[PDB]
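Some notes on the structure that comes next.
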Amino acid sequence: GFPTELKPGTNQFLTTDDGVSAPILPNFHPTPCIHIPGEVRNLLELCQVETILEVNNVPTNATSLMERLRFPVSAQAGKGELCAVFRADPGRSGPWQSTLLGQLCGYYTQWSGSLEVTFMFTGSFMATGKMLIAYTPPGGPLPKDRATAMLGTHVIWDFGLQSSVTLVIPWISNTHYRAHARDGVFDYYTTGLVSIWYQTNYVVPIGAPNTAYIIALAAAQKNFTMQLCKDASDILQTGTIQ
Amino acid sequence: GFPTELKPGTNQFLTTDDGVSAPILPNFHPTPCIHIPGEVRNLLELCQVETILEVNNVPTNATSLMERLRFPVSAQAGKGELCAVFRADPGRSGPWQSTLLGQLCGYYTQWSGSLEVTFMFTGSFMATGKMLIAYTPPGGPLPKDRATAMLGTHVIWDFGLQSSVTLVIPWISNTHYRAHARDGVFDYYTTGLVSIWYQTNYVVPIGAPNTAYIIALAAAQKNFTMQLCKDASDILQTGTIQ
Amino acid sequence: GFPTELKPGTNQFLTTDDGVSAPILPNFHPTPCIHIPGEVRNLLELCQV
Amino acid sequence: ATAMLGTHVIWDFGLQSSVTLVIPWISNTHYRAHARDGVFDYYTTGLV
Amino acid sequence: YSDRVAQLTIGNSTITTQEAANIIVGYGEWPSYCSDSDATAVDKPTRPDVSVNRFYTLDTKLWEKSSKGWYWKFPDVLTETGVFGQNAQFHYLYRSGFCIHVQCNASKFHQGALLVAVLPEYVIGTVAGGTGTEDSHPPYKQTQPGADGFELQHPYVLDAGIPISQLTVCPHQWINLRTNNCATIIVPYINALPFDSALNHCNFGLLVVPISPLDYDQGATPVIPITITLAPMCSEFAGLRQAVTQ
Amino acid sequence: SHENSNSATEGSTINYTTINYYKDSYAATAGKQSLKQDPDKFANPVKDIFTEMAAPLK
Amino acid sequence: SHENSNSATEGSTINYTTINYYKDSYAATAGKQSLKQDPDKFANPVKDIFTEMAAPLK
Amino acid sequence: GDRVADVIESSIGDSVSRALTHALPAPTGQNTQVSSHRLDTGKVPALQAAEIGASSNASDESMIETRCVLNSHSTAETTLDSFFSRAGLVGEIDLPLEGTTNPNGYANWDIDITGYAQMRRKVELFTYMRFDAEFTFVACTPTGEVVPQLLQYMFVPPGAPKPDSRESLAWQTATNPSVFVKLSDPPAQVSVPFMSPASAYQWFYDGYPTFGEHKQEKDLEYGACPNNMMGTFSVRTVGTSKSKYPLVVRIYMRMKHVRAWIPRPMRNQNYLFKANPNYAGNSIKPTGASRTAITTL
Amino acid sequence: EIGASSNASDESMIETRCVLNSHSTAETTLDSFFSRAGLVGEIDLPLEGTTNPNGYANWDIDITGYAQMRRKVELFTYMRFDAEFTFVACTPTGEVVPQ
Amino acid sequence: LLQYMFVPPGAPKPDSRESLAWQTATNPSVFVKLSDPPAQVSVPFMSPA
Ligand SMILES: CCCCCCCCCCCCC/C=C/[C@H](O)[C@H](N)CO
Ligand SMILES: CCCCCCCCCCCCC/C=C/[C@H](O)[C@H](N)CO
């Protein structure tokens, strides 16, 4: 027969190897594929779809879980009080873990590109207000006050006919890619911190609520890519199914 | 199936065999290679770079280790006294073992080509002097005196504006290649001996040092090649790391 | 993978078989062959002596 | 260390005796009146 | 035309020298700004030019007759100095090459030779408890000394297991008192990334170390100082934020 | 008539280049794939698109 | 579009001739390499080169 | 005029790195041209200044009367690919029946090339390296015996769930690569691409990975670049009942498509720790052998 | 409110440089995301137990019952694909036996 | 499970069954089981002559 040598690697079963194997059904033909609306071709198509960013984190008491989807914003009787703040890291815990981008990122070790976080104001039409929203790139601590917060990438948001402003947090990294930043030595790949300040005030007329809520939606920009396939950070099983 | 016979050699793992094997990551793309200054493409590029030749050998007392990098040269009150002497063998112990060429040679069993040893004088500008530097090819013993030393390849060095003369020890061998000459029967591949004599004297005016130092740098010429890959002559581990 | 059957004769070591086998030294080049007088090319050259 | 932060020149003693420090025209106005010595410090050129 | 007489003008700084060796261009490659194909950050970087691209005199060590040699870590040397360091603090990303002009001059009746060397990614190790059975690590003041620099524990070993016996591989230049009185090294941005933190990471390390000891008779000058001067070239900063330090 | 055409992705827009040894093409490798995307299908399925520069609600 | 181009040395000056069986080119052999050198990059990175015959310091 | 001139001329933003030197082909060693005697003033090759920082440009043709040599010695053996395509020991994983070490047939190994001096020093010659890899896994008993066991090697990239049990739920391997081999089978071999976020791996990171204050606590993280920390490596038994044999797994790495960049001096002191260039301070050794006097051999 | 994602590009939110992005999107495709062999079934044939004791087990083919492979797949509602099944057999200790 | 290792002139010779030289970072070595057929290797002409 034809002379062959077996190189190391034979009889091994690599779970990700793309080889061929014997077919069970000779001349079987799959039932014709009719048209089905909204076909997915690349996971990046889903990563550009905005989903709720759970910036409010309170498990209390597993009944008020729906509060996790929104900001409390109220008529501060001061100047430039801090509203909210969270990490820009998508694969890190935990606000991004409510987003579809966050979970899809959980199936990939490396990502790259700008991200978008859109904030929708859900107060009354009579309610107005201007607020600063700052993105502070890696390095630097939590901005203690608004004056030393604006020094980074920020956007001034005016409440009006258009509910939502979108803070684009541009791809600012030393590396071409960022591995998940969690949570010690791997802070090297952190994206930074997003903080929300009151630019002026939440101002209300006589017959309208003194407190309103803000909803944050998050997704990836179009220069977004993912590179390395890992298992989901959390496995959902304890202990045997059925 | 297609008739095949298995020749002897199957299932073996040759550590230097250049075959292929299954890929773990389908469609993975390496992050683009940006420009990095000073890329190495061939180890011969590094072998032409001069490094300190440790001709002075004194472990005493592991604090005066920095003396190993230089010659003592002084105002000899005589004629043609011997200054220093060492083996031209690069892979042999031990002066060449401080050079980058020496260690890189330690990863190769066979070499060929001329070598260059450059001597820099580090005395005062007021200090002058002429010195002979002789290369005695294989065969012949240590030259007892200068008169029976010059009979080989030599260069007369004058101290001046240019600090350094370079003694080129040309490729003089019977074989096309030299294996490491160490240290008994393998003296067949010896390159020879380099000796340093005082051609005249180390002459100094009234207010300057009676003793100065010489630094020897060594590298390979451009007709230099290496042929066979061995392990490093010395392994640096005792006994387990971490 | 590509379907193959192993014919009898596999794993055998025939001492006179002229097959190939893995090389220990990637990109090794033999030292150039200089001229040596009186090369033998066939044993019949010696049988006529 | 807090001097070099301005316009400076490193001078090496050698065959050429002299280095020349050019103190370039650095003013807000197109012209400088004499800076002497109180309110007229507005037109000062600086310190060497 | 001559080889030893040189002048280095950058921004509003100017260095003259009459007794020098030729200029070394690092890895045979002139410093350059980052292309749009190497970069990855989408921010439009600041290239402050003249204000930060200029010579800085940061230290002056006294070369005594028995000194082990010193080192500095770049670019941590400037982080608190000038308007360069200001940009390096307010920003996350930084990129620059340097023009190091080490200088040391004596008489003609002095002798000795320095070794100026630029070793990229000069990671420093510790004496492992003297015996080898302690995984200790260097303090901040040793890995990031900054202005004043740091004196070598041991010079033979380069405080990292590597030998100084072969340091002349990476871009170097000798200061031999009988021929030259200054060394000049031009390095480009040497990194696997187009940009880096400048505070956390140190692109390279300047190693000023004598191999042939300084010596002199009972003359009229025993105080021979080595002075370090450097100048950022093609400086770029991106990722603006608040002022952050060490 | 060449070989069998019983791959699951047969007759689709996607252009695959695959390796196969058997007559049935569904036993072939996953192979190299054509990179085409359509984010607007899920990210912007609105009827009357307005420009980026435009105010959406007016 | 031929096969995948995900070798680590992709897009470099070096001209490799390699053997491969899988779609991903990084699983290929080390292969034969192009012999090019540049000693002057490390051995002579001076600005103003002088001739061999010339006196360097003058 | 319009616009300002110091912007028009200004070389700010010059993209291409100005090359002081280009690479020439050198398939063979350099040939040697014939030489004759020369007694002249001004032409002086031998005299040079090491202060400059350059290597001796003096050629042997100008130091001694030379013959003609058509050098055809190949330089192929001295290339980064043919120097690094040598499989070396990079890891030893132990799975004893009962000991201090891992006793449940599941070991985790954070992937560190170092920890084995020979493969380390060879690699530590350069500062930045970029390459694809070919990993080989040799499994046997501590005596070298081959036994009928079934292992599972699993590659756990950074952030992926690490196995905390011999029968952990992470061994489903729905995404991350894993290999199923018998010890009866020859060594498993796998090709691996270059997967750093940087353009190259670093054997040296002269800095800290985190910001803030670096007190004596977080001082051990100095020199830690996560760009060449490619995750952990896990082995199974496989479950569910404990194995019957003592096992040893040795990992071998072969490099291909190699591209190193900047050269580094070569270690002369005993390696003591992983990812850390510490050394014994009282036991400082010379880089090579030593003799009794400089005037003797 | 409209129901669309933010069309605002980073070029109009911050002064940006030029970036020739050549990052591949191949890793993020349905084929290269699902061509990963995962655990979908465990069949037990003990000598004597509560489970199947006669060396014949029947398993109605259900991909679910193993969360990791399930959740990854449950991302989509409709899926159409060819499959490559692998069967690993051993003893509960992992031993290989002549069966 | 044997390990054959080629130790060219000057390379570190093993002085123990578990010597540090068995890392084989450069010099060729072969890993064979006795179960496997005879290991076979091609070798070039490597004399300096
Ligand atoms: C199936 C398992 C495959 C495992 C894949 C691992 C590939 C890792 C490539 C090597 C990365 C560089 C190694 C790390 C460098 C040094 O060990 C230390 N980090 C030095 O600080
Ligand atoms: C030689 C044996 C080959 C066995 C072939 C089985 C192929 C079956 C293809 C998978 C079909 C979809 C799996 C079923 C879906 C879920 O498990 C549940 N039905 C959800 O309701």
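Per DSSP H run of n ≥ 4, the term is -39500 (n - 2.57); total these for chain E, divide by its residue number, and report the mean residue ellipticity at 222 nm rounded to 500 deg cm²/dmol.
Per the formula, -1500 deg cm²/dmol.
Go through H:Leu39, H:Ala293, H:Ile111 and say which Cα lies farthest out towards the positive end of the charge dipole of chain H; charges sit on Cβ, +1 for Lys and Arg, -1 for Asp and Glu.
It is H:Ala293.
Which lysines, if any, have their Cα less than 24 Å from the Cα of B:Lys222, not counting same-chain residues under 8 positions apart?
Filter leaves B:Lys230, G:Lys32, G:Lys36, G:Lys41, G:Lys47, H:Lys43, H:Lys122.
Would you mind putting G:37-45, H:95-103 in packing order, based on average other-beta-carbon counts within 10 Å, highest first?
Answer by packing, highest mean first, reads G:37-45, H:95-103.
Calculate one ³J(HN,Hα) per residue across segment B:85-91 by plugging θ = phi - 60° into the Karplus curve 6.51 cos²θ - 1.76 cosθ + 1.60, and present them in order as whole Hz with x for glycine and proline.
Here the 3J(HN,Hα) series is 7, 7, 6, 7, 5, x, x Hz.
Once you place label points 7 Å from the Cα toward the Cβ at E:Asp217 and B:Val203, how far apart are they in nm?
1.6
Given axes a ≥ b ≥ c from the Cα gyration tensor, I'd like to know whether the protein assembly as shown is rounded (a/c under 1.5), prolate (a/b larger than b/c) or oblate.
oblate
Each residue of segment B:215-225 in order: what ³J(HN,Hα) in whole Hz does its phi give by Karplus 6.51 cos²θ - 1.76 cosθ + 1.60, θ = phi - 60°, with x for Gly and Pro?
Karplus values, whole Hz, x for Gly and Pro: 9, 9, 10, 9, 7, 9, 6, 8, 8, 8, 9.
Would you mind pulling out the separation of the Cα centroids of segment B:43-74 and segment H:6-65, in Å?
Comparing the Cα centres of segment B:43-74 and segment H:6-65, I get a distance of 25 Å.
Kirkwood Rh over alpha-carbon pairs of chain H, then Stokes-Einstein at 4 °C and 1.567 mPa s: what D in µm² s⁻¹, rounded to an integer?
Here the translational diffusion coefficient equals 52 µm²/s.
Quick one: which residues, 5+ away or cross-chain, put their amide H under 5 Å from the amide H of D:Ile10? H built at 1.01 Å from N.
When sequence neighbours closer than 5 places are left aside, the close amide H contacts are E:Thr14, E:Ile15, E:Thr16.
Over all residues in H:106-118, what is the mean tally of Cβ atoms on other chains that come within 10 Å of each residue's Cβ?
So the per-residue partner count for this stretch is 3.
Cα centroid distance between segment H:91-145 and segment E:129-157, in Å?
30
Place a +1 charge on the Cβ of each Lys and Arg in the protein assembly as shown and a -1 charge on the Cβ of each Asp and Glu, then give the dipole magnitude about the Cα centre in debye, rounded to the nearest 20.
With only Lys, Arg, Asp and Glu charged at Cβ, the dipole is about 2020 debye.
Using a 10 Å cut-off around each Cβ of peptide A:45-54, what is the average number of partner chain Cβ atoms that fall inside?
The mean count of partner-chain Cβ atoms within 10 Å per residue comes to 4.
Report, for F:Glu10, each distance to the same residue's label point in the other copies, shortest first and in nm; define the point 7 Å along Cα→Cβ.
3.2
Evaluate the charge dipole of chain H about its Cα centre and quote only its size in Debye, nearest 20, assuming +1 on the Cβ of each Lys and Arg and -1 on the Cβ of each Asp and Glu.
With only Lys, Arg, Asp and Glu charged at Cβ, the dipole is about 800 debye.
Quick check: pseudo-label points 7 Å beyond the Cα along Cα→Cβ at C:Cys33 and A:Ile24, how many nm apart are they?
Distance between label points: 6.0 nm.
Test of understanding: in a Gaussian network model of chain B with alpha carbons linked when under 10 Å, which of B:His180, B:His35, B:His154 would top the mean-square fluctuation ranking?
Of B:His180, B:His35, B:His154, the most mobile in the Gaussian network model is B:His35.
Once phi is turned into ³J(HN,Hα) by the Karplus curve 6.51 cos²θ - 1.76 cosθ + 1.60 with θ = phi - 60°, what whole-Hz value does each residue of segment C:27-32 show in order, with x for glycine and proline?
6, 6, 10, x, 4, x
Please list the non-local residues whose amide H lies under 5 Å from the amide H of H:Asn176, H modeled 1.01 Å from N, same-chain partners needing a gap of 5 or more.
When sequence neighbours closer than 5 places are left aside, the close amide H contacts are A:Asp231.
List the residues whose amide H sits under 5 Å from the amide H of G:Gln37, counting only those 5 or more places along or on another chain, with H placed 1.01 Å from N in the peptide plane.
H:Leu24, H:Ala26
Output the antiparallel fraction of DSSP beta bridges having both residues in the protein assembly as shown, as a percent to the nearest 5.
Once the DSSP bridges in the protein assembly as shown are tallied, antiparallel ones form about 95 percent.
Using a Gaussian network model of chain H whose springs link C-alpha atoms within less than 10 Å, name the residue from H:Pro197, H:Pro27, H:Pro177 with the highest mean-square fluctuation.
H:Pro27
Please give the calculated 222 nm ellipticity per residue for chain H, where each DSSP H segment of at least 4 residues contributes -39500 (n - 2.57) and the sum is spread over every residue; nearest 500 deg cm²/dmol?
Result for chain H, helices only: -1000 deg cm²/dmol.
Using only helices, what value at 222 nm comes out for chain A when you add -39,500 (n - 2.57) per DSSP H run of length 4 or more and divide by the total residues, to the nearest 500 deg cm²/dmol?
On the way: 2 runs with 10 residues, N = 242.
Value at 222 nm, helices only, nearest 500: -1000 deg cm²/dmol.
Going by average Cβ neighbours within 10 Å, how do the peptides I:28-34, D:9-15 rank, with the highest at the top?
Averaged packing, sorted descending, gives the order I:28-34, D:9-15.
Which one of H:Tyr201, H:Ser72, H:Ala26 has its Cα pushed farthest toward the positive end of the charge dipole of chain H, where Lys and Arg give +1 and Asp and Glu give -1 at the Cβ?
Toward the positive end, the furthest listed residue is H:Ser72.
Estimate the FRET efficiency between H:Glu65 and H:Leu297 by the formula 1/(1 + (r/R0)^6), using the beta-carbon distance for r and 41 Å for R0, to the nearest 0.05.
After rounding, the FRET efficiency stands at 0.90.
Which order do the peptides E:188-201, D:18-31, I:80-93 take when ranked by the mean count of other beta-carbon atoms within 10 Å per residue, highest first?
The most tightly packed comes first, giving E:188-201, I:80-93, D:18-31.
With the crude spin-label approximation of a point 7 Å out along Cα→Cβ, what separation in nm comes out for F:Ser5 versus E:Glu151?
8.4
Shielding by partners for G:13-24, please: the mean number of other protein chain Cβ atoms within 10 Å of each residue's Cβ.
That works out to 5 on average.
Treating only the Cβ atoms of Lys and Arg (+1) and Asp and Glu (-1) as charged, compute the dipole magnitude of chain A about its Cα centre; round to the nearest 20 debye.
Details: 14 positive and 17 negative charges, 110 e Å.
In debye, rounded to 20, chain A gives about 520.
Among the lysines, select those whose C-alpha is under 28 Å from the C-alpha of E:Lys65, and discard any that sit fewer than 8 residues away in the same chain.
Qualifying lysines at Cα under 28 Å: B:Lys130, E:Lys73, E:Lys108, E:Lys141, H:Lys285.
Using the Cα centre of the protein assembly as shown as origin and beta-carbon charges of +1 (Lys, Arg) and -1 (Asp, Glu), tell me which of A:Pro90, H:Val147, D:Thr44 is placed farthest towards the positive end of the dipole.
My answer, from the dipole projection, is D:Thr44.
Here the Cβ is made from the backbone with ideal geometry for all residues, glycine too, and neighbour counts use every protein chain on show. No lab work stands behind these numbers, since they all come straight from the coordinates.
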